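Enquirer: mmCIF, C-alpha atoms and all ligand atoms, saved as start-v3.cif, coming up:
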data_structure
#
loop_
_atom_site.label_atom_id
_atom_site.label_comp_id
_atom_site.auth_asym_id
_atom_site.auth_seq_id
_atom_site.Cartn_x
_atom_site.Cartn_y
_atom_site.Cartn_z
CA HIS A 8 1.15 21.13 -10.65
CA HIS A 9 2.96 21.93 -7.32
CA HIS A 10 0.83 19.63 -4.99
CA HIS A 11 3.70 17.09 -4.40
CA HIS A 12 4.57 18.55 -0.89
CA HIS A 13 1.06 17.42 0.42
CA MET A 14 2.16 13.78 -0.22
CA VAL A 15 0.60 11.28 2.23
CA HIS A 16 1.59 7.59 2.76
CA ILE A 17 -1.52 5.56 1.84
CA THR A 18 -1.94 1.89 2.85
CA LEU A 19 -4.78 -0.47 1.84
CA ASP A 20 -7.35 -1.72 4.41
CA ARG A 21 -7.63 -5.57 3.96
CA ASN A 22 -10.95 -5.62 5.87
CA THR A 23 -12.69 -3.53 3.14
CA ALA A 24 -11.34 -5.57 0.21
CA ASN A 25 -13.49 -7.73 -2.05
CA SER A 26 -12.78 -11.36 -1.12
CA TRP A 27 -10.95 -12.08 -4.45
CA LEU A 28 -8.29 -9.35 -3.92
CA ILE A 29 -4.69 -10.02 -2.93
CA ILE A 30 -3.03 -7.14 -1.03
CA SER A 31 0.75 -7.22 -0.64
CA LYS A 32 2.50 -7.56 2.76
CA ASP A 33 3.44 -3.82 2.71
CA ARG A 34 -0.31 -2.96 2.02
CA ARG A 35 0.83 -0.84 -0.97
CA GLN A 36 -0.23 -3.12 -3.90
CA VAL A 37 -3.45 -4.93 -4.81
CA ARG A 38 -4.39 -7.29 -7.64
CA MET A 39 -7.29 -9.60 -8.64
CA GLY A 40 -6.79 -13.25 -7.65
CA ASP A 41 -8.22 -16.03 -9.89
CA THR A 42 -10.46 -17.32 -6.98
CA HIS A 43 -11.89 -16.42 -3.52
CA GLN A 44 -8.87 -15.62 -1.26
CA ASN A 45 -10.16 -17.61 1.79
CA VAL A 46 -11.16 -14.68 4.07
CA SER A 47 -14.37 -14.43 6.22
CA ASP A 48 -17.17 -12.12 4.97
CA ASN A 49 -17.95 -8.87 6.84
CA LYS A 50 -20.17 -5.82 6.34
CA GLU A 51 -17.23 -3.64 5.13
CA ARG A 52 -16.23 -5.77 2.05
CA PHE A 53 -17.25 -4.60 -1.39
CA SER A 54 -19.25 -7.66 -2.64
CA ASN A 55 -19.97 -7.06 -6.35
CA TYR A 56 -16.75 -5.35 -7.63
CA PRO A 57 -13.00 -5.75 -7.05
CA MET A 58 -12.80 -2.64 -4.82
CA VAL A 59 -10.80 -1.75 -1.69
CA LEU A 60 -10.35 1.40 0.48
CA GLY A 61 -7.26 3.06 1.93
CA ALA A 62 -6.97 2.83 5.76
CA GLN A 63 -6.47 6.61 6.07
CA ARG A 64 -9.49 8.90 6.77
CA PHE A 65 -9.37 12.60 5.84
CA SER A 66 -11.69 15.28 7.28
CA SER A 67 -9.54 18.46 6.67
CA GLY A 68 -6.44 19.73 4.80
CA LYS A 69 -4.71 19.01 1.52
CA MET A 70 -3.62 15.46 0.57
CA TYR A 71 -1.76 14.05 -2.49
CA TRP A 72 -0.84 10.49 -3.56
CA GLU A 73 0.13 8.59 -6.73
CA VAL A 74 -1.02 5.25 -8.16
CA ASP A 75 0.69 3.09 -10.80
CA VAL A 76 -1.78 1.68 -13.43
CA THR A 77 0.85 0.23 -15.88
CA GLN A 78 -0.58 -2.23 -18.48
CA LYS A 79 -4.10 -2.32 -17.00
CA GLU A 80 -7.15 -2.35 -19.30
CA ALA A 81 -9.68 -1.23 -16.64
CA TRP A 82 -9.64 0.44 -13.18
CA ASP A 83 -11.34 3.15 -11.11
CA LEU A 84 -9.43 5.57 -8.81
CA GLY A 85 -10.27 8.46 -6.50
CA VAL A 86 -11.87 9.05 -3.07
CA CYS A 87 -15.12 8.21 -1.44
CA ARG A 88 -17.11 8.85 1.70
CA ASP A 89 -16.40 6.46 4.56
CA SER A 90 -20.14 5.49 4.51
CA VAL A 91 -20.52 4.48 0.84
CA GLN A 92 -22.63 1.38 0.09
CA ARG A 93 -20.57 -1.86 0.08
CA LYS A 94 -23.15 -4.53 -1.03
CA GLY A 95 -24.97 -4.98 -4.32
CA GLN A 96 -24.89 -2.90 -7.50
CA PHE A 97 -24.30 0.88 -7.56
CA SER A 98 -22.84 3.58 -9.88
CA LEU A 99 -19.79 5.68 -9.03
CA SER A 100 -21.17 9.23 -8.70
CA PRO A 101 -20.91 12.16 -6.27
CA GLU A 102 -24.60 11.53 -5.35
CA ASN A 103 -23.47 8.04 -4.10
CA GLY A 104 -20.38 9.48 -2.31
CA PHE A 105 -17.64 8.86 -4.96
CA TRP A 106 -15.21 11.26 -6.72
CA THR A 107 -13.46 9.02 -9.29
CA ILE A 108 -12.08 8.61 -12.82
CA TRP A 109 -11.73 5.36 -14.74
CA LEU A 110 -10.32 3.54 -17.76
CA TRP A 111 -12.79 1.21 -19.55
CA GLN A 112 -12.76 -0.13 -23.16
CA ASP A 113 -9.95 2.12 -24.35
CA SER A 114 -11.55 5.41 -23.05
CA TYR A 115 -11.07 7.50 -19.89
CA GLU A 116 -14.13 9.02 -18.12
CA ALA A 117 -14.87 10.99 -14.94
CA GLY A 118 -17.49 9.46 -12.59
CA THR A 119 -20.07 12.25 -12.81
CA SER A 120 -23.76 11.38 -13.42
CA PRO A 121 -23.91 10.96 -16.30
CA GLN A 122 -20.17 10.26 -16.88
CA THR A 123 -17.89 12.81 -18.59
CA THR A 124 -15.46 12.04 -21.44
CA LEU A 125 -11.81 12.78 -20.60
CA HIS A 126 -9.25 14.03 -23.22
CA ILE A 127 -5.92 12.21 -22.62
CA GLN A 128 -3.30 12.24 -25.48
CA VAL A 129 -0.64 10.29 -23.47
CA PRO A 130 -2.11 7.16 -21.77
CA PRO A 131 -1.03 7.45 -18.12
CA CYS A 132 1.11 4.83 -16.36
CA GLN A 133 0.83 6.77 -13.02
CA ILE A 134 -2.07 8.98 -11.77
CA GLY A 135 -1.73 11.76 -9.13
CA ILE A 136 -4.77 12.43 -6.87
CA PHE A 137 -5.11 15.73 -4.99
CA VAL A 138 -7.82 16.44 -2.37
CA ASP A 139 -8.47 19.89 -0.85
CA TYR A 140 -11.06 19.16 1.83
CA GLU A 141 -11.87 22.76 2.74
CA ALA A 142 -12.11 23.94 -0.88
CA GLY A 143 -14.28 20.94 -1.95
CA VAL A 144 -11.84 19.88 -4.76
CA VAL A 145 -10.62 16.52 -6.09
CA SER A 146 -8.13 16.72 -8.98
CA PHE A 147 -6.39 14.08 -11.11
CA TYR A 148 -2.99 14.50 -12.83
CA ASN A 149 -1.19 12.54 -15.60
CA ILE A 150 2.29 11.86 -14.08
CA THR A 151 3.47 10.22 -17.41
CA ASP A 152 2.71 13.58 -19.22
CA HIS A 153 4.65 15.99 -16.90
CA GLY A 154 1.75 16.23 -14.40
CA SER A 155 -0.88 17.56 -16.88
CA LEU A 156 -4.43 17.99 -15.50
CA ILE A 157 -6.89 15.18 -16.29
CA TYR A 158 -9.99 16.33 -14.35
CA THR A 159 -11.16 18.56 -11.45
CA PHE A 160 -14.31 17.92 -9.41
CA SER A 161 -15.16 21.27 -7.76
CA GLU A 162 -18.06 22.30 -5.51
CA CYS A 163 -17.71 18.82 -3.93
CA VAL A 164 -20.12 18.09 -1.06
CA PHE A 165 -18.03 15.40 0.77
CA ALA A 166 -20.55 15.21 3.69
CA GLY A 167 -18.28 12.96 5.75
CA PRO A 168 -14.75 11.67 6.21
CA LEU A 169 -13.00 10.62 2.93
CA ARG A 170 -11.08 7.45 2.16
CA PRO A 171 -8.80 6.67 -0.79
CA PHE A 172 -10.77 4.46 -3.25
CA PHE A 173 -9.48 1.75 -5.67
CA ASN A 174 -11.00 -0.69 -8.18
CA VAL A 175 -8.56 -3.11 -9.91
CA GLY A 176 -11.30 -3.96 -12.43
CA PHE A 177 -12.68 -7.30 -13.66
CA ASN A 178 -10.31 -9.72 -15.57
CA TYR A 179 -12.75 -11.40 -18.01
CA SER A 180 -10.29 -10.71 -20.89
CA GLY A 181 -7.12 -12.19 -19.33
CA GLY A 182 -5.47 -8.81 -20.13
CA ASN A 183 -6.24 -6.98 -16.85
CA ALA A 184 -4.39 -9.06 -14.17
CA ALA A 185 -1.77 -6.37 -13.41
CA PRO A 186 -1.84 -4.70 -9.97
CA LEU A 187 -2.59 -1.17 -8.74
CA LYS A 188 0.50 0.06 -6.82
CA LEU A 189 0.84 3.05 -4.48
CA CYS A 190 4.03 4.86 -5.69
CA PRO A 191 6.75 5.99 -3.26
CA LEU A 192 7.06 9.65 -2.12
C1 LIG B 201 -16.17 -11.62 -12.23
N1 LIG B 201 -14.88 -12.05 -11.69
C2 LIG B 201 -15.03 -13.22 -10.80
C3 LIG B 201 -15.86 -12.93 -9.55
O1 LIG B 201 -16.95 -13.49 -9.41
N2 LIG B 201 -15.42 -12.04 -8.64
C4 LIG B 201 -14.18 -11.29 -8.76
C5 LIG B 201 -14.47 -9.80 -8.91
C6 LIG B 201 -15.32 -9.28 -7.77
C7 LIG B 201 -16.54 -10.16 -7.58
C8 LIG B 201 -16.15 -11.62 -7.45
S1 LIG B 201 -13.58 -11.95 -12.67
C9 LIG B 201 -13.79 -13.10 -13.99
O2 LIG B 201 -12.47 -12.39 -11.88
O3 LIG B 201 -13.52 -10.62 -13.19
#
Starting from the coordinates I provided, produce the structure as structure tokens.
Ligand SMILES: CN(CC(=O)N1CCCCC1)S(C)(=O)=O

Expert:
Amino acid sequence: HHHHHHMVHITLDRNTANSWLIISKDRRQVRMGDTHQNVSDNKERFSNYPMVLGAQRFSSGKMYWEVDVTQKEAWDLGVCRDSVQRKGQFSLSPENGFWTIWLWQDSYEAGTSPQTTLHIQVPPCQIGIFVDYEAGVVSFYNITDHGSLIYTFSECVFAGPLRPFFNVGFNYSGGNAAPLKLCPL
């Protein structure tokens, strides 16, 4: 792909984070803590899952960023509407305002309803995410495999401003403590 020149500097919004997350001082990394991180509750925090939003809002144009997923067993990545549900249980779907892919139990899937199997020969250590607001496209790229395409959501109906979306995943196994990291431009 040749989307690299639309690179944007994403930072994480602490106020949206689940209360167990630890976001680095530079707001570029996030990991699961082993306990509640001693913050007040608010209506923006994702309550049931270890999720956090980027601070940036996009309503036009072309945007690109990269995320490091090295040695994680589970995670979700993509974009979502600014007005997605924060509290309780929900599925990641375009009907609920999410355009995402994930790793779970040794398989990769796109967050359609129902979910779609992905075909990845080289497990990625970094993921590229491209959004074309006007075209209604969200695409995912395997940076470890020379930028190969993972998945394209087309005919997207965003229906609002978009925010970068992250889930570090649960750490029931003791094998999923590693962080998500926003990679430098
Ligand atoms: C289920 N987790 C503990 C927990 O209750 N929380 C952390 C995750 C978000 C909800 C809050 S664990 C064992 O760390 O994956």

Enquirer: Please report as a tab-separated table every residue of stretch 47-77 of chain A lying within 7 Å of stretch 93-96 of chain A, along with the nearest atom pair and their distance in Å (one decimal), using all atoms listed in the file.

Expert:
residue	atom	partner	partner_atom	distance
A:51	CA	A:93	CA	6.3
A:52	CA	A:93	CA	6.2
A:53	CA	A:93	CA	4.5
A:54	CA	A:94	CA	5.3
A:55	CA	A:95	CA	5.8

Enquirer: Quick one: residues within 10 Å of residue A:145, all atoms listed in the file counted, chain neighbours fewer than 2 positions away excluded, as a PyMOL selection string?

Expert: chain A and resi 69-71+85-86+106-107+136-140+142-143+147+158-163

Enquirer: Ranking A:133, A:25, A:66, A:92 by minimum distance to ligand LIG 201 (chain B) and counting all atoms listed in the file, which one comes first?

Expert: A:25

Enquirer: Smallest atom-to-atom distance to residue A:27: which of A:155, A:174, A:146, A:119, using all atoms listed in the file?

Expert: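 Closest residue, counting all atoms listed in the file: A:174.
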
Enquirer: Please identify the residues whose atoms come within 6 Å of ligand LIG 201 (chain B), using only C-alpha atoms and all ligand atoms, and report them as a PDB file with C-alpha atoms, in the frame of the given file.

Expert:
ATOM      1  CA  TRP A  27     -10.950 -12.080  -4.450  1.00  0.00           C
ATOM      2  CA  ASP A  41      -8.220 -16.030  -9.890  1.00  0.00           C
ATOM      3  CA  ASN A  55     -19.970  -7.060  -6.350  1.00  0.00           C
ATOM      4  CA  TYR A  56     -16.750  -5.350  -7.630  1.00  0.00           C
ATOM      5  CA  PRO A  57     -13.000  -5.750  -7.050  1.00  0.00           C
ATOM      6  CA  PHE A 177     -12.680  -7.300 -13.660  1.00  0.00           C
ATOM      7  CA  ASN A 178     -10.310  -9.720 -15.570  1.00  0.00           C
ATOM      8  CA  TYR A 179     -12.750 -11.400 -18.010  1.00  0.00           C
TER       9      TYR A 179
END

Enquirer: At a cut-off of 10 Å, using all atoms listed in the file, what residues contact residue A:116? Leave out same-chain residues fewer than 4 positions from it and give the result as a ChimeraX atom specification.

Expert: /A:83,107-111,122-127,157-158

Enquirer: Applying 9 Å and only C-alpha atoms, which residues near residue A:63 remain after dropping the ones on its own chain fewer than 4 positions away? List them as a list in words.

Expert: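 Those residues are residues 16, 17, 18, 19, 20, 169, 170 and 171 of chain A.
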
Enquirer: Would you mind telling me which residue in A:186, A:61, A:101, A:68 lies nearest to residue A:164 when using all atoms listed in the file?

Expert: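 Comparing A:186, A:61, A:101, A:68 against residue A:164, the winner is A:101.
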
Enquirer: Calculated over all atoms listed in the file, which of the candidates A:47, A:152, A:165, A:181 has the smallest distance to residue A:104?

Expert: A:165

Enquirer: Quote the spacing between atom CA of residue A:28 and atom CA of residue A:185 in Å to one decimal place.

Expert: 11.9 Å

Enquirer: Hey, can you check how far atom CA of residue A:75 sits from atom CA of residue A:131?

Expert: 8.7 Å

Enquirer: Nearest to residue A:74: which of A:150, A:39, A:62, A:166 is it, counting all atoms listed in the file?

Expert: A:150

Enquirer: Compute the distance from (-4.6, -0.2, -19.0) to each atom, counting all atoms listed in the file, keep the residues with any atom at most 9 Å away, and return them as a ChimeraX atom specification; use the coordinates of the file.

Expert: /A:76-82,110-111,113,130-132,182-183,185

Enquirer: Restricted to C-alpha atoms, what would the selected residues look like written as a PDB file, in the frame of the given file?

Expert:
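The result, written out as selection-v3.pdb:
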ATOM      1  CA  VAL A  76      -1.780   1.680 -13.430  1.00  0.00           C
ATOM      2  CA  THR A  77       0.850   0.230 -15.880  1.00  0.00           C
ATOM      3  CA  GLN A  78      -0.580  -2.230 -18.480  1.00  0.00           C
ATOM      4  CA  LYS A  79      -4.100  -2.320 -17.000  1.00  0.00           C
ATOM      5  CA  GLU A  80      -7.150  -2.350 -19.300  1.00  0.00           C
ATOM      6  CA  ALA A  81      -9.680  -1.230 -16.640  1.00  0.00           C
ATOM      7  CA  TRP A  82      -9.640   0.440 -13.180  1.00  0.00           C
ATOM      8  CA  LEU A 110     -10.320   3.540 -17.760  1.00  0.00           C
ATOM      9  CA  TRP A 111     -12.790   1.210 -19.550  1.00  0.00           C
ATOM     10  CA  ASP A 113      -9.950   2.120 -24.350  1.00  0.00           C
ATOM     11  CA  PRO A 130      -2.110   7.160 -21.770  1.00  0.00           C
ATOM     12  CA  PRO A 131      -1.030   7.450 -18.120  1.00  0.00           C
ATOM     13  CA  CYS A 132       1.110   4.830 -16.360  1.00  0.00           C
ATOM     14  CA  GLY A 182      -5.470  -8.810 -20.130  1.00  0.00           C
ATOM     15  CA  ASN A 183      -6.240  -6.980 -16.850  1.00  0.00           C
ATOM     16  CA  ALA A 185      -1.770  -6.370 -13.410  1.00  0.00           C
TER      17      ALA A 185
END

Enquirer: Pick out the closest residue to residue A:88 from this set: A:40, A:100, A:30, A:167. Count all atoms listed in the file.

Expert: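 Of the candidates, the smallest distance to residue A:88 is held by A:167.
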
Enquirer: As an exercise, work out the distance from atom CA of residue A:154 to atom CA of residue A:15 in Å and give it to one decimal place.

Expert: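 A separation of 17.4 Å between them.
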
Enquirer: Can you put N, CA, C and O atoms back into stretch 89-103 of chain A and show it as a short mmCIF file (atom, residue, chain, number, x, y, z; two decimals), keeping the file's coordinate frame?

Expert:
data_model
loop_
_atom_site.label_atom_id
_atom_site.label_comp_id
_atom_site.auth_asym_id
_atom_site.auth_seq_id
_atom_site.Cartn_x
_atom_site.Cartn_y
_atom_site.Cartn_z
N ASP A 89 -16.57 7.67 3.73
CA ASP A 89 -16.40 6.46 4.56
C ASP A 89 -17.68 5.65 4.54
O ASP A 89 -17.57 4.40 4.75
N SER A 90 -18.86 6.23 4.37
CA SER A 90 -20.14 5.49 4.51
C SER A 90 -20.77 5.07 3.18
O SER A 90 -21.96 4.76 3.14
N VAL A 91 -19.97 5.02 2.11
CA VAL A 91 -20.52 4.48 0.84
C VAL A 91 -21.05 3.05 1.04
O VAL A 91 -20.51 2.25 1.82
N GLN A 92 -22.08 2.76 0.28
CA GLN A 92 -22.63 1.38 0.09
C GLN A 92 -21.51 0.40 -0.27
O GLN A 92 -20.67 0.69 -1.11
N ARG A 93 -21.55 -0.78 0.34
CA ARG A 93 -20.57 -1.86 0.08
C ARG A 93 -21.20 -3.02 -0.71
O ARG A 93 -20.47 -3.73 -1.42
N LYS A 94 -22.51 -3.28 -0.55
CA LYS A 94 -23.15 -4.53 -1.03
C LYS A 94 -24.04 -4.25 -2.20
O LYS A 94 -24.73 -3.19 -2.19
N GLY A 95 -24.09 -5.14 -3.17
CA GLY A 95 -24.97 -4.98 -4.32
C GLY A 95 -24.40 -4.06 -5.39
O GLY A 95 -23.17 -3.68 -5.33
N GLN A 96 -25.26 -3.70 -6.33
CA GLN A 96 -24.89 -2.90 -7.50
C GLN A 96 -25.12 -1.43 -7.20
O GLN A 96 -26.01 -1.08 -6.42
N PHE A 97 -24.21 -0.59 -7.69
CA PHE A 97 -24.30 0.88 -7.56
C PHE A 97 -23.40 1.53 -8.61
O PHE A 97 -22.49 0.89 -9.15
N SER A 98 -23.69 2.79 -8.95
CA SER A 98 -22.84 3.58 -9.88
C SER A 98 -21.94 4.51 -9.07
O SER A 98 -22.36 5.04 -8.02
N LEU A 99 -20.75 4.74 -9.60
CA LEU A 99 -19.79 5.68 -9.03
C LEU A 99 -20.17 7.08 -9.42
O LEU A 99 -20.02 7.49 -10.56
N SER A 100 -20.68 7.86 -8.46
CA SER A 100 -21.17 9.23 -8.70
C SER A 100 -20.97 10.03 -7.42
O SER A 100 -21.05 9.44 -6.33
N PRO A 101 -20.93 11.35 -7.50
CA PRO A 101 -20.91 12.16 -6.27
C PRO A 101 -22.19 11.99 -5.46
O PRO A 101 -22.07 11.95 -4.20
N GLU A 102 -23.33 11.78 -6.09
CA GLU A 102 -24.60 11.53 -5.35
C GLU A 102 -24.45 10.29 -4.47
O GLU A 102 -25.10 10.21 -3.40
N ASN A 103 -23.70 9.27 -4.88
CA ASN A 103 -23.47 8.04 -4.10
C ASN A 103 -22.22 8.14 -3.23
O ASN A 103 -21.89 7.17 -2.54
#
